[PDB]
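There is one chain below, alone, in structure tokens, taken in the form deposited in one PDB entry.
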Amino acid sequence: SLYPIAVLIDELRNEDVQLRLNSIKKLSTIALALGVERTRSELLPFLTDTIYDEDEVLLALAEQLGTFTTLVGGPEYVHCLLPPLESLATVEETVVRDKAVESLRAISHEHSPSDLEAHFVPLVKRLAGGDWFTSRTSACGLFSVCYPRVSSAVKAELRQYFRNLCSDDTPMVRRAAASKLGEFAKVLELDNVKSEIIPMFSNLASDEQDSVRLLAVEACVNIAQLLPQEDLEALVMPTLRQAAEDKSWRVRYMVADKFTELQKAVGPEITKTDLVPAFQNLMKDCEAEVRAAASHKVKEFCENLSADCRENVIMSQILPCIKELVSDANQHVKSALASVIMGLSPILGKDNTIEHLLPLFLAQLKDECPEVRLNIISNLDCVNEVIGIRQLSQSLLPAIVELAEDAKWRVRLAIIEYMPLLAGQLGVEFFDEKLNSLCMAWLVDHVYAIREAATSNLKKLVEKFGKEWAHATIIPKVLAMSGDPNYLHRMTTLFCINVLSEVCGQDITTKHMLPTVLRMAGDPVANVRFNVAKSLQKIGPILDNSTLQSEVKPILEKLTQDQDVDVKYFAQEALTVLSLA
């Protein structure tokens, strides 16, 4: 090749005029070797053609070209960047196609108005009116940057081509035009939004292909924001109402998905007239996907009803459908509802929440699907901040205390997870007065798995409340078990000390737990004695070296003399891991 440019080429592999990747990124520098003139005359030309799909390379080339205006001569010459960009737009792997368009959109603003017409638009058309399809699925993304700046006359052409792109024979060129109809709409004067955009919108909304229709819902949000409220009923709502009624559940799904957005774009009045009933239909769609999407929007929707008619529509139009959903068959739906249903408390007030929501709050807190009761448990903050901690405690607690004690240990195990959540949510003062007891009681449960769960649970509670809280609210009651006549409980004591050293710090572990551990080295049962060796091994690293030498080493050494085989074994292992051997 030729050396100023040949540095880009990769002479070592066995490709087809391929380039050095970690060199295309070092592109803005070869552009300085040859200067502006030579960058335009030989670097860009060389990059235009010579395009071997090394993809990761094609990508960097398209990105880099978007920040090359100045390396080419500044504004007056930005159009020299089009040729290779037009190229990369029509590639295949879409990632590259996108970077090409993003860049094309970036340098569009560098083009002067006069240069947009002479070079940019012509590129939009060639892409729009291109043969291949990709050349069209990317054209759609370039109309809104050049429309505002060109002549009234070229704007017209730009309108026609975008239209032609909407009624393109290929669906993809239609889906793409649909997903960009919104932004193009925001840059046309109003008259043309009413006379040209609306028809394209109507057309796309009634597309044979539903993959095109469900996209029109998004476009509707955009067009509806641009139109004065009075024009909405005639030019838009019929179409939107039809979409919520669409044969394809996908189109309907998109309506529930973009509901809150439609609500704002449309206005309080139409939301009261048209959207409230639609929302009700959607919450009763036969497809569980659609019901679930709608349910998910319940709080957001009610929040945006005009404060004026708000409370009366919720109590009359929304709430009944909600009572229904709480009992829906699909857990997909109950799932979506529970992750927001209590968010309606600050919108109905203490009294309303207490009489109408709390009952649904319980219906789900005792539901099949664990995700459902978990979604309710994960969002107590809002209801708690509306009704009192006592009004809540009085309606939640009995549910909990009723599950902490139960049939299968499996269900009891489930209630233990709610703990760190309840703690971090309802507060530490509430946890110490109503929950602490329950967490202590499980340590001494009949089923080992429960004890175990309750034990690791202590670590997670300390992470919530801190080492000080632990030294005054949990360590004492946990150490009390060291004197239990049953070895299962005595061992539980060490198991709690093991987990709590992971988070109580050197101080609290050395002063307040280590002694109890060292003290049990003389337990009458061997299982406690060897778990004592295992415990020192575990909490050992947390202790400073002085303590390990004067207080642990001696105990382990004694235990290695023990009558029992296993205490000996574990004592030796302890000494070896800690290096006191």
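Don't overthink the numbering: it's just position in the shown sequence, from 1.
- In this crystal structure, the stretch out of 63-71 and 50-58 whose C-alpha atoms carry the higher mean B factor is 50-58.
- Of the two stretches examined, 197-205 and 388-396, the record assigns the greater average C-alpha temperature factor to 388-396.
- As recorded in the entry, 408 carries the highest CA temperature factor of 111, 247, 284, 408.
- Take 520, 513, 43, 543 and read off each C-alpha B-factor from the entry; 543 has the highest.
- Annotation for residue 13: C-alpha temperature factor in the highest third relative to the rest of the modelled chain, per the entry.
- Looking at the C-alpha B-factors along this chain, the one for residue 524 belongs to the lowest third.
- In this PDB entry, the Cα temperature factor of residue 133 sits in the top third of its chain's modelled residues, the highest group.
- Looking at the C-alpha B-factors along this chain, the one for residue 24 belongs to the highest third.
- Compared with the other modelled residues of the chain, the Cα B-factor recorded for residue 549 ranks in the highest third.
In what follows, reference is made to the form deposited in another entry, a form of this protein that is not presented.
- Of the two rigid parts that account for the shift between this form and the one not shown, the one holding residue 385 does not hold residue 542.
- Compared with the form shown, the residue 12-residue 84 C-alpha separation decreases in the other form, the change being 3 Å or greater.
- Compared with the form shown here, the Cα atoms of residue 6 and residue 83 sit 3 Å or more farther apart in the other form.
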